[PDB]
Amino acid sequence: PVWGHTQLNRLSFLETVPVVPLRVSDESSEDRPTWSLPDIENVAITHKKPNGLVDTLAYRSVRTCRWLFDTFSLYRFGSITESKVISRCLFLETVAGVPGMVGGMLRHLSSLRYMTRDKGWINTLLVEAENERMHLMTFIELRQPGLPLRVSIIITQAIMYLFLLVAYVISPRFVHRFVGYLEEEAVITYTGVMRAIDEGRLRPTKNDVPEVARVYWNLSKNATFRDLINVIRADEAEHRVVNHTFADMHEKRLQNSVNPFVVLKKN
């Protein structure tokens, strides 16, 4: 049919690389977010009681990082403006899609060497990674950064990929918690923004939507900036739940159980 032994039997397809269209659909797997704007309009700020040494430590530290990234970002002194907004979120998103990758592949590597059913935790992480990496590809179209923060970005990732690698190895409960808490704040970040556009204390100017984003979230032809944040928000909020649950499941020794969220595909 479309794809069979005749292709399979050919040494290379290097000839067709000049002659395939860049599709913006091709930028992500076929696993897209598909919220309904009026609904995810209601997504709320939540908080989960830290349930021990680790949960609190995950909490504490996430909260000093916001402190230290808030002062250093300078995000602190001035208005909520599309600039230091896109600029902020953009940066965060470089780190935002790291945990999902290092988790998924660690579970992949367990599975492979101990020959066990992963029961679908892999893929759910591997999407969080892609999903945020997409969040990136969006923002990296509203406003490219400058050399100063392009560097900063490439040094942060170096540092973060050790932290998450070693920690995810030491305590996955710690990391899913750690991440749980970075989400809650991802909500707050974005949700406070939706409230600027609402209150008019910020007047968006990128009110089309990057084509990348528009297909991804099946966004309408002249969907506005706000609409965009609402899904970017929903996305995040889902990551919230999941990463506290995955952690709660580690809490009660369940890191080798069926992944709840597979079920919630039209169950």
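We call the rigid core the largest set of C-alpha positions that still match within 1.5 Å between the two forms. Don't overthink the numbering: it's just position in the shown sequence, from 1.
Relative to the displayed structure, the C-alphas of 74-82 lie farther away on average in 7 other deposited structures of this protein than those of the other candidate, with 74-82 and 121-129 compared after rigid core superposition. With 174-182 and 69-77 compared on mean CA B-factor from the PDB entry, the stretch scoring higher is 69-77. Averaged over Cα atoms, the B-factor as recorded in the entry is higher for 192-200 than for the other of 192-200 and 105-113.
When the modelled residues of the chain are ordered by C-alpha B-factor, residue 252 sits in the lowest third.
In this PDB entry, residue 29 carries a Cα temperature factor that places it within the lowest third of its chain's modelled residues.
Among the modelled residues of its chain, residue 131 has a C-alpha B-factor that falls in the lowest third, as given in the PDB entry.
Among all modelled residues in this chain, the alpha-carbon of residue 211 has a temperature factor (C-alpha) in the lowest third. Ranked by C-alpha B-factor against the other modelled residues of its chain, residue 161 falls in the highest third.
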